[PDB]
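Worksheet: one structure, shown below.
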Amino acid sequence: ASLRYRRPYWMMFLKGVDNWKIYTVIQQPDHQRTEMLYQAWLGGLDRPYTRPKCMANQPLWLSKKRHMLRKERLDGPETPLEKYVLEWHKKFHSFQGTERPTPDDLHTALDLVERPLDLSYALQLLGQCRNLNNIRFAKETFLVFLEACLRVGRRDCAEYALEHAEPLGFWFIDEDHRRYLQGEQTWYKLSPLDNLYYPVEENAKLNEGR
Amino acid sequence: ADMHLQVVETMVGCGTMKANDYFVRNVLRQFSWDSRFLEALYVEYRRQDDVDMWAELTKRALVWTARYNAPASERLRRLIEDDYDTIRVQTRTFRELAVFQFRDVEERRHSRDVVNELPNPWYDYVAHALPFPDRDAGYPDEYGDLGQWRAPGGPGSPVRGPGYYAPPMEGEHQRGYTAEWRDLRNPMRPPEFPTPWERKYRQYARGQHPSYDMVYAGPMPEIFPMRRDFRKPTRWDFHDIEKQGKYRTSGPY
Amino acid sequence: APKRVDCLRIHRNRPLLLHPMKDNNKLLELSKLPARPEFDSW
Amino acid sequence: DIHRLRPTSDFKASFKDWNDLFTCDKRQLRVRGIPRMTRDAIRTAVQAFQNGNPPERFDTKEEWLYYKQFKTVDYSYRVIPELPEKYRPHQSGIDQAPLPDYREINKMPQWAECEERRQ
Amino acid sequence: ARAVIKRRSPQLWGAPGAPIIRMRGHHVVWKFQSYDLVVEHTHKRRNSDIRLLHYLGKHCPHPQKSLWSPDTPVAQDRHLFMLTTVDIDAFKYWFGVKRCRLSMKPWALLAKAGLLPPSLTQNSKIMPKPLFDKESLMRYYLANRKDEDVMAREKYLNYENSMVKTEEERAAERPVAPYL
Amino acid sequence: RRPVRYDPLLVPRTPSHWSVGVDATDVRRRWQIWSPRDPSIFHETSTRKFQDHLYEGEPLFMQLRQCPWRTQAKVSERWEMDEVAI
Amino acid sequence: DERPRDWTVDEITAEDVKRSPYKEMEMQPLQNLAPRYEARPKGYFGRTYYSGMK
Amino acid sequence: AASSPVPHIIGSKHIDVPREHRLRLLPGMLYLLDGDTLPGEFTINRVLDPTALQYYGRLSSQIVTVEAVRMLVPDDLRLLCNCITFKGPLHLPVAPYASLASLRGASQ
Amino acid sequence: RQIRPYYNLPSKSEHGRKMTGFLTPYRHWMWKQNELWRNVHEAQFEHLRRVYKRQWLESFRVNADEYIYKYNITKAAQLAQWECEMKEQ
Amino acid sequence: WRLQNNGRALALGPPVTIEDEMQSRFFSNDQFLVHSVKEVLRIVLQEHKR
Amino acid sequence: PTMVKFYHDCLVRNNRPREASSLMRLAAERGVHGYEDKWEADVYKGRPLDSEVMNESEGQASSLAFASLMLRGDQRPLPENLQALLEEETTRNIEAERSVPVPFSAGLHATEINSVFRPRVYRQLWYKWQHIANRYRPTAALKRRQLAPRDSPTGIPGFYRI
Amino acid sequence: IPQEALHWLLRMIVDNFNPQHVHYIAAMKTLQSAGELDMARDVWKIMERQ
Amino acid sequence: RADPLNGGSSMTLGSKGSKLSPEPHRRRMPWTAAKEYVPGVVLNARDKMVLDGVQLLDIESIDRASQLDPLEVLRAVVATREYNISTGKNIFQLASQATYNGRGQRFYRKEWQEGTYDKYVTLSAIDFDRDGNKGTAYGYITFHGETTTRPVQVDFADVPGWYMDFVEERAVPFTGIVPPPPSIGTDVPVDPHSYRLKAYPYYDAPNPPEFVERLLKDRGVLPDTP
RNA sequence: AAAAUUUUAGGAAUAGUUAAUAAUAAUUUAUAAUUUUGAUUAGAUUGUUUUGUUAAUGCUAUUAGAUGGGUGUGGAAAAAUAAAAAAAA
Ligand SMILES: [Mg+2]
């Protein structure tokens, strides 16, 4: 059940290609013309080019060039969060990249949440960091997430994350934050530099003096 | 390794309880030690205060043999076996024990049995192992016959010349073709042996059989209708190779 | 949701099989090409 | 019954009972009118059971049916794809890949619009 | 090792494989069928002009009546005979020195001949296979363990030379006459 | 089982809950005759003879068929007893 | 030093040998190879010897 | 070296050879010195990669605590040097006749 | 042929074989028991192999010794006869 | 799991002590006399063991 | 058809996919035998000619490089400083790939491999006897013993080649 | 087995060859290294009979 | 060759085993070397039911029109987390949630402990790719007390099914180097109270009664009835 | 790797050629090589006691089923019809 003697030897352990029978007969003139036209149709080249005789996937340099030349799906970033998302995709989602996200980068991305769309983008980035990148969250990650949710006014997402944060990666949740999200208490944090409770809706109720 | 073995043996004999440490520090990692090291180190292992420590040391020694390619010797395995009642440590593989039980039982039964003590010529010896037979059966002929144009046959054929007449030859070739070559069809004498193996069979090299009073006991020839060929397909005939083929029918009849 | 091959009994009633010609040789295209270029349609 | 070419289950009604099945001979099977491959399989299964091997194996009918479609010349349990005539996208009628409408897809979604109108 | 392999007759390794003793049959009707015990390669060399390494003998499957009943009668003399030929020296050479393989039908035939014990597949349904228990096996070994030297001598005689001279043979070999 | 004594596990004792399919007593006689008076037997290239070259046919030889029908009976038993006739 | 210690006029030098040509001198047995017996017969294959086809 | 005197494994100062013969003679050389002084005309690259450092774990734990690992690349990039700096006395017992007894930071 | 019992590990794959070579621990234990029973048969096989090898070697020794004796006698006689013929020539 | 020897160089150390000395044919007359005394003593030891 | 096939092979060998596609489309439009189905969409519809871009460069080359390089629409240009480096990298990679010798190719293109042409006078006898012995089996091979018995000469002296 | 050296010397004689002194020395040394003194004596007898 | 089964025994082709020697039989295919393998098919065929019923967003698309509600995004994240560990946790997935990246901790397979098997790997270094669930892990292998001298790569690390028991004492900071665990018989003294050898090179486990009964019933010795 | 044996009624020239070589992968040197003792090209035909017949060393048969572009894999291409064959419990 091995293709050692049924296909050329350069195709050992070859998996995932669309059809490996194409490259067995690519050397014929008609299939060569078809492959060159397909390369032109994919674009990103200034001269007639054809794949190397002993390669099934695209060359590394050609694939990197096309990945760097493809236009972003999002154009005209209205918000600083969208600009940071574009920068993030440029920095980490490059071709064959090896740099990994950091909790500081996640915090910086979350600090720019202004509108619900920005919140959704930040949540997508956080999920990518948790699962695709497998990054352990920092201690204040849940605090930053809760602040980002409250900036837009989205309490259901915060309480869902509290209901199951261990799968999400929040391995430490403050007790006051837990009480606030459960409904035990109405204040979620305290700013010491201002000596003022938050949210402000209960700041005037609790801390009337300063 | 021999010098380190002497040191280990001396430490074991003196009973310093440090021969194991010396072996594990100097000989284990950086030498191709043999099983004699553990043979002696077992004496020191026997002197441990607790049988659990004794067993652990023995098992660790066996693991050392498995790791450092120093297979346990028969003497070491038997030494460990002799203390099986105390340690309950095994030194024979399941396959080896399974083979041994059946073999020992069969050998005991065979030895006790008297009917099968007789020798078996098919099982006891090899008769002849040389590439060539030890006695002359008559072949080769080295001459052709009627209707054989190809003589000599060349490769893989012992025929050396035409049976009856040949173009003129010279010297030793003529001598061989006229006198010296084998001649199976000669009725007076068989092809003679080389000297001196010919003078001692002088009286036996005359004619074929001395009887001349033979009474033919076979089937009578069929005069009519005088069939020509008898190519009967057989089932138990082992001379079918010789039976098949054209042969000249010229005899007393 | 194989193909028969014609046989001809040549000599001693021995069969001969005329297998289809290989698709790579020039003779098939030679047969496909027109016979008279000036007269026949291309 | 584990092989497609020799289905033993098709002849279950032929045998009266366990004793009949296990005392049946190959000549008796041929008299009863059971095809060669099926009766050989039945006899082999009975002999294995007698020797101590119960008929416990893997039913390979589905696997063989799956590997049939790939058109292996020797049925070697390997994947041999068929090369289509028109395989590249440009030669099937598509002049060029469809350029997405970035302006259309950059519009804020309905949930975002409703959230903003609520805010 | 081939693009499209011979599905109707595959093997385990490349050609030509290890020598194997098997009963090659003819292509005739059953009535006149006979087998040839021969040693050949794992892959049949039907292509070349040399097919077998050696010819061990011929076996006749059809039994024949006893043509020697009028001779000195013994027990079961009048039963049908199954005549067969077997080379012994060549078989022992290929089996021991060359270490050739062996099929099951030749193995059964040689089991009848007495050269080899009954084959692995010559199993009856009367008794099932044995069950092995490590503790029982070890107990039996400890009860009946042979001497080291005795076992060494036994295996030396079985494997190395069995024609070991005694003291009498050595003394007879030693010269005693005026040594010239 | 436990001269020599074999281990009961290494040499099992033919489980008693099984049943006997055929026995030495389940055979029946079969008489056949290959008369040379039949030309199809007298023909030289005939397989109906145990002799290769001596003669044709076989005078009233007896074979032994078997009757694997002991299990069709309502009750079937086998009694293992040594022969006492001879 | 690049000249092998086993170098001589015959130039038959055994590489990867660190024993001097004088220190060791014996017909020591070889363990790397294996003895080989003849497998292809010449002429005789079985049954009757007859001439033997030499 | 902790049990036997190696003749030229410990030197007073780095081996001094003319720059012409430096590339020809230095490869294969190996010697120990006191203190982490490095030869000149050598760009220094400290090995901070844990994947590379893991192979020195047994050496650090069982022989001598390994402090620094450095690679020196010459001007022509044709003669590399590997410098391993060990901190602390030898864990293994040291013979008085052993070569490492000479070093101050080894025998201690 | 490697047996694939139904109670092996099922590979839930639509792109390959439906059963895997992994076996239950009982199958491993049963397989060892069958391995032990075949080991009994193959021990006598190797024993007979070595016995036949040594028998063949000893037979070759004896027959070769006898042949060498006879052949030496024959060649001595032949050489003497050849010398006489050469002298006469 | 273990240090092993290589065809190029040996790393596991030798199992038997071997005297590094020339052969008898390369020995000098006095050296061969010393060798002969050693061989006579060796034969004495062998006969004693026998 | 022969001229079309030879020209297409030459264009593919010389790496002219645009010209080869144009020739195939022309053959499909005219209706050349065997080319009635080899019709493909033009992927160079908006692209200018190589001669055009060369003349433009002869007469900003940095800007003209963007026109020279084909974009897929969803592929967008990058700043020219990085574009020049990327183009140099691509040129170096392509030259390195095309400089590698092809084993067993004898320094010949796939169109030149196993391509021997002789005029039809060489095989006219073969053609005539093929269209007689296999008049209704054009794909069958014209082997001897179809037109002559054994021990008898076949019709064509040279037969296959010389 | 050690018998094979003697077997090969006998095979060399049977195949119409003249065993050289190096062959005899190798046979005797191999048999002595295997402990076959009687077989070494047999090799010497073979050399004498040749 | 180097390691035959039952020596040289060619009674049948099956008596040689499924493989002749542990080293690769052909010099040109080093991947044929004998080693313990894992059920990759089952361990990689994750359950799709968790993914079902929850919307997903491709990584490439970042357009606004393809964005989803943040609650849907959160449930997608938790669904993906469940899906990635449905068939078991990866060694990298275990190391990402441990202090000092789990350096110095012991990892073992599910089947490395049951029966007479007692094997674990002490982590020494891990290099994550951009996909944190995959990478390369180097550690020390300890098998029945004996521990290797140098860190080696962990086979089938990416394949899930690993278990770790984190110990704060064994944690090694990135500044230092992970020390190889001591050999129980060689490095540290042998102690029956701390560690006890489960199986020695000649040990064979006794036959389980359930296995014996099953074998006898299959062979037909014991009277198994419906 | 060598030696011998080698067809045609109307018989003649053959050629990526012979040898030498510090030359793998020949920029050189030579009065080179084949052949009327039958060459090369073209026709016929699977080469080395197997058939038939006769008093015959005559005449007359014969699938020993054998080889450069399809994958450089493999120890070895012979690898895409079949050909009675047991292929790792
Ligand atoms: Mg001629």
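In the structure tokens, the first chain shown is A, the next is B, and so on; residue numbers restart at 1 for each chain, and ligands run from 1 in the order shown.
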
Practice task
Please identify the residues whose atoms come within 10 Å of ligand 1, using only C-alpha atoms (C1' of nucleotides) and all ligand atoms, and report them as a PyMOL selection string.
Solution key: chain N and resi 6-7+38-39

Handout entry: Selection near region 66-76 of chain A, 7 Å with only C-alpha atoms (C1' of nucleotides), sequence-local residues under 6 positions removed, as a PyMOL selection string
Key = (chain A and resi 44+95) or (chain D and resi 106) or (chain K and resi 74-78) or (chain M and resi 61-63)

For the residues in that selection, give me N, CA, C and O atoms as a PDB file, in the first residue's frame.
```pdb
ATOM      1  N   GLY A  44       1.557  37.530  -9.563  1.00  0.00           N
ATOM      2  CA  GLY A  44       2.717  37.806  -8.744  1.00  0.00           C
ATOM      3  C   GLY A  44       4.048  37.566  -9.414  1.00  0.00           C
ATOM      4  O   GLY A  44       5.069  37.507  -8.722  1.00  0.00           O
ATOM      5  N   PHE A  95       4.250  34.571   6.463  1.00  0.00           N
ATOM      6  CA  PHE A  95       4.457  33.236   5.922  1.00  0.00           C
ATOM      7  C   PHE A  95       5.639  32.567   6.613  1.00  0.00           C
ATOM      8  O   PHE A  95       6.747  33.113   6.635  1.00  0.00           O
TER       9      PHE A  95
ATOM     10  N   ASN D 106     -16.535  45.467   3.726  1.00  0.00           N
ATOM     11  CA  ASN D 106     -16.086  46.294   4.836  1.00  0.00           C
ATOM     12  C   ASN D 106     -17.229  47.024   5.527  1.00  0.00           C
ATOM     13  O   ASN D 106     -16.978  47.849   6.410  1.00  0.00           O
TER      14      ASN D 106
ATOM     15  N   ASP K  74      -6.662  40.839  -6.009  1.00  0.00           N
ATOM     16  CA  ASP K  74      -6.531  40.691  -4.565  1.00  0.00           C
ATOM     17  C   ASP K  74      -5.083  40.771  -4.103  1.00  0.00           C
ATOM     18  O   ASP K  74      -4.838  40.785  -2.893  1.00  0.00           O
ATOM     19  N   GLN K  75      -4.126  40.788  -5.027  1.00  0.00           N
ATOM     20  CA  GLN K  75      -2.734  41.059  -4.700  1.00  0.00           C
ATOM     21  C   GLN K  75      -2.450  42.539  -4.921  1.00  0.00           C
ATOM     22  O   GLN K  75      -2.773  43.087  -5.979  1.00  0.00           O
ATOM     23  N   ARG K  76      -1.844  43.183  -3.925  1.00  0.00           N
ATOM     24  CA  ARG K  76      -1.620  44.615  -4.009  1.00  0.00           C
ATOM     25  C   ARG K  76      -0.127  44.932  -3.995  1.00  0.00           C
ATOM     26  O   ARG K  76       0.673  44.157  -3.461  1.00  0.00           O
ATOM     27  N   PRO K  77       0.277  46.049  -4.593  1.00  0.00           N
ATOM     28  CA  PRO K  77       1.696  46.413  -4.599  1.00  0.00           C
ATOM     29  C   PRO K  77       2.199  46.795  -3.214  1.00  0.00           C
ATOM     30  O   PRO K  77       1.445  47.206  -2.330  1.00  0.00           O
ATOM     31  N   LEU K  78       3.506  46.654  -3.042  1.00  0.00           N
ATOM     32  CA  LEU K  78       4.230  47.051  -1.846  1.00  0.00           C
ATOM     33  C   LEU K  78       5.136  48.237  -2.162  1.00  0.00           C
ATOM     34  O   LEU K  78       5.381  48.540  -3.335  1.00  0.00           O
TER      35      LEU K  78
ATOM     36  N   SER M  61      -9.742  35.812   6.891  1.00  0.00           N
ATOM     37  CA  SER M  61     -10.752  36.850   6.721  1.00  0.00           C
ATOM     38  C   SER M  61     -10.814  37.724   7.968  1.00  0.00           C
ATOM     39  O   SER M  61     -11.019  37.221   9.078  1.00  0.00           O
ATOM     40  N   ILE M  62     -10.638  39.031   7.783  1.00  0.00           N
ATOM     41  CA  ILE M  62     -10.734  39.989   8.877  1.00  0.00           C
ATOM     42  C   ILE M  62     -11.687  41.105   8.472  1.00  0.00           C
ATOM     43  O   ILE M  62     -11.715  42.171   9.095  1.00  0.00           O
ATOM     44  N   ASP M  63     -12.469  40.865   7.423  1.00  0.00           N
ATOM     45  CA  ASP M  63     -13.443  41.847   6.973  1.00  0.00           C
ATOM     46  C   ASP M  63     -14.554  42.017   8.004  1.00  0.00           C
ATOM     47  O   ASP M  63     -14.876  41.101   8.765  1.00  0.00           O
TER      48      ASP M  63
END
```

Exercise for the section: Report the residues of region 17-113 of chain D whose backbone DSSP state falls under alpha helix (DSSP H), written as a ChimeraX atom specification. Expected result: /D:18-23,26-32,36-51,61-68,102-105,110-113

Can you spit out the residues from that selection as a PDB file, in the first residue's frame, using C-alpha atoms?
```
ATOM      1  CA  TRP D  18     -25.065 -27.248  14.171  1.00  0.00           C
ATOM      2  CA  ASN D  19     -24.449 -30.993  13.908  1.00  0.00           C
ATOM      3  CA  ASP D  20     -25.354 -30.995  10.211  1.00  0.00           C
ATOM      4  CA  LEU D  21     -23.082 -28.014   9.544  1.00  0.00           C
ATOM      5  CA  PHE D  22     -20.099 -29.500  11.371  1.00  0.00           C
ATOM      6  CA  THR D  23     -20.535 -33.033   9.989  1.00  0.00           C
ATOM      7  CA  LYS D  26     -17.211 -30.849   0.873  1.00  0.00           C
ATOM      8  CA  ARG D  27     -18.755 -33.537  -1.332  1.00  0.00           C
ATOM      9  CA  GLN D  28     -21.999 -33.068   0.600  1.00  0.00           C
ATOM     10  CA  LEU D  29     -21.769 -29.311  -0.003  1.00  0.00           C
ATOM     11  CA  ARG D  30     -21.255 -29.870  -3.733  1.00  0.00           C
ATOM     12  CA  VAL D  31     -24.259 -32.217  -3.760  1.00  0.00           C
ATOM     13  CA  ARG D  32     -26.328 -29.582  -1.938  1.00  0.00           C
ATOM     14  CA  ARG D  36     -16.871 -23.436  -4.777  1.00  0.00           C
ATOM     15  CA  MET D  37     -15.535 -20.321  -3.047  1.00  0.00           C
ATOM     16  CA  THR D  38     -18.387 -20.133  -0.535  1.00  0.00           C
ATOM     17  CA  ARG D  39     -18.170 -23.818   0.369  1.00  0.00           C
ATOM     18  CA  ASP D  40     -14.381 -23.591   0.718  1.00  0.00           C
ATOM     19  CA  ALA D  41     -14.828 -20.623   3.062  1.00  0.00           C
ATOM     20  CA  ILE D  42     -17.447 -22.501   5.097  1.00  0.00           C
ATOM     21  CA  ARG D  43     -15.237 -25.584   5.368  1.00  0.00           C
ATOM     22  CA  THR D  44     -12.210 -23.495   6.354  1.00  0.00           C
ATOM     23  CA  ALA D  45     -14.217 -21.706   9.056  1.00  0.00           C
ATOM     24  CA  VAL D  46     -15.504 -25.028  10.408  1.00  0.00           C
ATOM     25  CA  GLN D  47     -11.979 -26.477  10.435  1.00  0.00           C
ATOM     26  CA  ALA D  48     -10.618 -23.406  12.232  1.00  0.00           C
ATOM     27  CA  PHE D  49     -13.374 -23.702  14.836  1.00  0.00           C
ATOM     28  CA  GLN D  50     -12.524 -27.389  15.272  1.00  0.00           C
ATOM     29  CA  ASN D  51      -8.827 -26.556  15.681  1.00  0.00           C
ATOM     30  CA  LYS D  61     -16.370  -5.721   2.367  1.00  0.00           C
ATOM     31  CA  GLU D  62     -16.673  -1.993   3.083  1.00  0.00           C
ATOM     32  CA  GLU D  63     -12.908  -1.448   2.894  1.00  0.00           C
ATOM     33  CA  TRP D  64     -12.669  -3.290  -0.426  1.00  0.00           C
ATOM     34  CA  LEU D  65     -15.627  -1.316  -1.782  1.00  0.00           C
ATOM     35  CA  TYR D  66     -13.908   1.919  -0.762  1.00  0.00           C
ATOM     36  CA  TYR D  67     -10.641   0.937  -2.439  1.00  0.00           C
ATOM     37  CA  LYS D  68     -12.428  -0.304  -5.577  1.00  0.00           C
ATOM     38  CA  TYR D 102     -13.818  45.105  -0.467  1.00  0.00           C
ATOM     39  CA  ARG D 103     -16.118  48.109  -0.055  1.00  0.00           C
ATOM     40  CA  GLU D 104     -19.137  45.811   0.251  1.00  0.00           C
ATOM     41  CA  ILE D 105     -17.451  43.432   2.713  1.00  0.00           C
ATOM     42  CA  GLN D 110     -26.170  43.969  11.338  1.00  0.00           C
ATOM     43  CA  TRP D 111     -25.352  42.952  14.912  1.00  0.00           C
ATOM     44  CA  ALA D 112     -22.824  45.788  15.147  1.00  0.00           C
ATOM     45  CA  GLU D 113     -25.388  48.231  13.747  1.00  0.00           C
TER      46      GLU D 113
END
```

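As for CA of residue 3 (chain K) and CA of residue 29 (chain K), they are spaced 15.8 Å apart.
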
Practice task
Kindly determine which residues of chain I lie within 7 Å of chain D, considering only C-alpha atoms, and give the answer as a list in words.
Solution key: residues 3, 4, 5, 6, 17 and 18 of chain I

Any chance you could export the current selection's N, CA, C and O atoms as a short mmCIF file (atom, residue, chain, number, x, y, z; two decimals), in the first residue's frame?
```cif
data_model
loop_
_atom_site.label_atom_id
_atom_site.label_comp_id
_atom_site.auth_asym_id
_atom_site.auth_seq_id
_atom_site.Cartn_x
_atom_site.Cartn_y
_atom_site.Cartn_z
N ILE I 3 -3.82 -11.89 11.40
CA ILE I 3 -5.25 -11.89 11.65
C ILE I 3 -5.67 -10.53 12.19
O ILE I 3 -4.96 -9.89 12.97
N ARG I 4 -6.85 -10.07 11.75
CA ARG I 4 -7.44 -8.82 12.23
C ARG I 4 -8.78 -9.14 12.88
O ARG I 4 -9.83 -9.12 12.21
N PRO I 5 -8.80 -9.44 14.17
CA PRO I 5 -10.08 -9.70 14.85
C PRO I 5 -10.94 -8.45 14.91
O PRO I 5 -10.44 -7.32 14.91
N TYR I 6 -12.25 -8.67 14.97
CA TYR I 6 -13.20 -7.55 14.94
C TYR I 6 -13.03 -6.63 16.14
O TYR I 6 -13.32 -5.44 16.05
N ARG I 17 -8.05 2.36 5.69
CA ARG I 17 -8.57 1.12 6.24
C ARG I 17 -9.46 1.39 7.45
O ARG I 17 -9.26 2.36 8.19
N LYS I 18 -10.46 0.53 7.64
CA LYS I 18 -11.44 0.71 8.70
C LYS I 18 -11.02 0.06 10.01
O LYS I 18 -11.69 0.28 11.03
#
```

Handout entry: 7 Å contact set for region 4-17 of chain L, only C-alpha atoms (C1' of nucleotides), chain neighbours under 6 positions out, as a list in words
Key =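 What passes the distance filter is residues 57, 61 and 64 of chain I; 27 and 43 of chain L.
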
Practice task
Identify, on the basis of only C-alpha atoms (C1' of nucleotides), every residue whose closest approach to region 8-23 of chain J does not exceed 6 Å; exclude the query and any residue fewer than 2 positions from it along the same chain; express the result as an MDAnalysis selection string.
Solution key: (chainID B and resid 1:2 30:31) or (chainID G and resid 22:23) or (chainID J and resid 5:6 25:26)

Exercise for the section: For chain I, work out the contacting residues on chain N at 10 Å, counting only C-alpha atoms (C1' of nucleotides), and write them as number ranges by chain. Expected result: N: 86-89

Practice task
Would you list, as a ChimeraX atom specification, the residues of region 32-76 of chain E that end up in strand (DSSP E) under DSSP run on this structure's backbone?
Solution key: /E:35-40,54-59

Given the selection you just returned, output its residues as a file containing N, CA, C and O atoms, formatted as a PDB file, in the first residue's frame.
```pdb
ATOM      1  N   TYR E  35       3.993 -35.507  -7.911  1.00  0.00           N
ATOM      2  CA  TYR E  35       4.694 -34.340  -7.406  1.00  0.00           C
ATOM      3  C   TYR E  35       6.192 -34.602  -7.378  1.00  0.00           C
ATOM      4  O   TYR E  35       6.641 -35.746  -7.318  1.00  0.00           O
ATOM      5  N   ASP E  36       6.964 -33.522  -7.432  1.00  0.00           N
ATOM      6  CA  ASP E  36       8.418 -33.586  -7.381  1.00  0.00           C
ATOM      7  C   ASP E  36       8.886 -32.759  -6.194  1.00  0.00           C
ATOM      8  O   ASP E  36       8.760 -31.531  -6.203  1.00  0.00           O
ATOM      9  N   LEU E  37       9.404 -33.429  -5.173  1.00  0.00           N
ATOM     10  CA  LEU E  37      10.044 -32.737  -4.063  1.00  0.00           C
ATOM     11  C   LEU E  37      11.360 -32.163  -4.560  1.00  0.00           C
ATOM     12  O   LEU E  37      12.302 -32.916  -4.836  1.00  0.00           O
ATOM     13  N   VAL E  38      11.415 -30.837  -4.715  1.00  0.00           N
ATOM     14  CA  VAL E  38      12.599 -30.149  -5.213  1.00  0.00           C
ATOM     15  C   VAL E  38      12.835 -28.906  -4.366  1.00  0.00           C
ATOM     16  O   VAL E  38      11.918 -28.355  -3.757  1.00  0.00           O
ATOM     17  N   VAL E  39      14.086 -28.454  -4.354  1.00  0.00           N
ATOM     18  CA  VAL E  39      14.478 -27.226  -3.674  1.00  0.00           C
ATOM     19  C   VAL E  39      14.720 -26.154  -4.728  1.00  0.00           C
ATOM     20  O   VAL E  39      15.480 -26.367  -5.680  1.00  0.00           O
ATOM     21  N   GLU E  40      14.061 -25.011  -4.564  1.00  0.00           N
ATOM     22  CA  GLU E  40      14.181 -23.904  -5.499  1.00  0.00           C
ATOM     23  C   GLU E  40      14.103 -22.601  -4.716  1.00  0.00           C
ATOM     24  O   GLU E  40      13.917 -22.597  -3.497  1.00  0.00           O
ATOM     25  N   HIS E  54      18.186 -28.230  -6.856  1.00  0.00           N
ATOM     26  CA  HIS E  54      18.436 -29.658  -6.738  1.00  0.00           C
ATOM     27  C   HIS E  54      17.110 -30.394  -6.857  1.00  0.00           C
ATOM     28  O   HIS E  54      16.037 -29.807  -6.696  1.00  0.00           O
ATOM     29  N   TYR E  55      17.200 -31.690  -7.144  1.00  0.00           N
ATOM     30  CA  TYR E  55      16.039 -32.560  -7.302  1.00  0.00           C
ATOM     31  C   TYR E  55      16.088 -33.607  -6.198  1.00  0.00           C
ATOM     32  O   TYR E  55      16.967 -34.475  -6.201  1.00  0.00           O
ATOM     33  N   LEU E  56      15.147 -33.529  -5.257  1.00  0.00           N
ATOM     34  CA  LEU E  56      15.188 -34.410  -4.097  1.00  0.00           C
ATOM     35  C   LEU E  56      14.450 -35.723  -4.323  1.00  0.00           C
ATOM     36  O   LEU E  56      14.920 -36.773  -3.873  1.00  0.00           O
ATOM     37  N   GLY E  57      13.308 -35.702  -4.999  1.00  0.00           N
ATOM     38  CA  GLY E  57      12.624 -36.950  -5.274  1.00  0.00           C
ATOM     39  C   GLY E  57      11.271 -36.728  -5.916  1.00  0.00           C
ATOM     40  O   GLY E  57      10.901 -35.607  -6.260  1.00  0.00           O
ATOM     41  N   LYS E  58      10.535 -37.831  -6.057  1.00  0.00           N
ATOM     42  CA  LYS E  58       9.216 -37.839  -6.674  1.00  0.00           C
ATOM     43  C   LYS E  58       8.234 -38.578  -5.776  1.00  0.00           C
ATOM     44  O   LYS E  58       8.573 -39.610  -5.189  1.00  0.00           O
ATOM     45  N   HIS E  59       7.019 -38.047  -5.674  1.00  0.00           N
ATOM     46  CA  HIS E  59       5.957 -38.615  -4.857  1.00  0.00           C
ATOM     47  C   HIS E  59       4.740 -38.924  -5.719  1.00  0.00           C
ATOM     48  O   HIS E  59       4.335 -38.112  -6.562  1.00  0.00           O
TER      49      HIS E  59
END
```

What are the nearest atom pairs, with distances in Å to one decimal, for all residues of chain M that come at most 12 Å from chain N, using only C-alpha atoms (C1' of nucleotides), set out by chain and rising residue number as a tab-separated table?
```
residue	atom	partner	partner_atom	distance
M:10	CA	N:88	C1'	11.4
M:12	CA	N:88	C1'	9.1
M:13	CA	N:88	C1'	5.6
M:14	CA	N:88	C1'	5.1
M:15	CA	N:88	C1'	8.2
M:16	CA	N:88	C1'	7.3
M:17	CA	N:88	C1'	6.4
M:18	CA	N:88	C1'	5.3
M:19	CA	N:88	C1'	7.5
M:20	CA	N:88	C1'	9.2
M:25	CA	N:75	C1'	11.4
M:26	CA	N:75	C1'	9.3
M:27	CA	N:75	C1'	10.8
M:28	CA	N:74	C1'	9.8
M:29	CA	N:74	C1'	11.5
```
